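Enquirer: Take a look and give me a structure for this.
(one chain, ligands or ions: 1)
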Amino acid sequence: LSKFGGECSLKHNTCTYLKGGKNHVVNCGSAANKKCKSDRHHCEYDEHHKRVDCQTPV
Ligand SMILES: [Zn+2]
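Expert: Numbering: from 1, shown residues only. Now the structure:
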């Protein structure tokens, strides 16, 4: 698997995702369409393309 799901922190602006059954962290990004806008919202990290999305529900 190279796309990982998790939850974003509104205060820290980060995506905490599961990889190999353990929590890992990446920053969401600072732009209006990238940052975490709702606490504990779903996020996805695509490790293959090095892209994170802290705003799409799917
Ligand atoms: Zn490729």
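
Enquirer: For stretch 35-45, buried residues please.
Expert: For stretch 35-45, the neighbour count (16 or more other C-beta atoms under 10 Å) marks 36, 41, 42, 43, 44, 45 as buried. C-beta coordinates here come from the backbone N, C-alpha and C atoms, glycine included.

Enquirer: Test my guess that the third one contacts residue 5.
Expert: Yes: contact between residue 42 and residue 5 holds when scored by C-beta atoms under 8 Å: they sit 6.7 Å apart.

Enquirer: Contact partners for the most centrally placed residue in the chain?
Expert: Nearest to the geometric centre of the chain sits residue 15, at 3.2 Å (C-alpha atoms, centre = their mean). The contact partners of residue 15, by C-beta atoms under 8 Å, 6 or more residues apart in numbering, come to 6-8, 25-28, 36, 43-45, 52, 54.

Enquirer: burial measure for the residue nearest to residue 40 when sequence neighbours are not counted, as a count.
Expert: Ranked by C-beta to C-beta, 6 or more residues apart in numbering and with sequence neighbours excluded, the top spatial neighbour of residue 40 is residue 7, at 4.9 Å. Applying other C-beta atoms under 10 Å, we find 17 other residues in the vicinity of residue 7.
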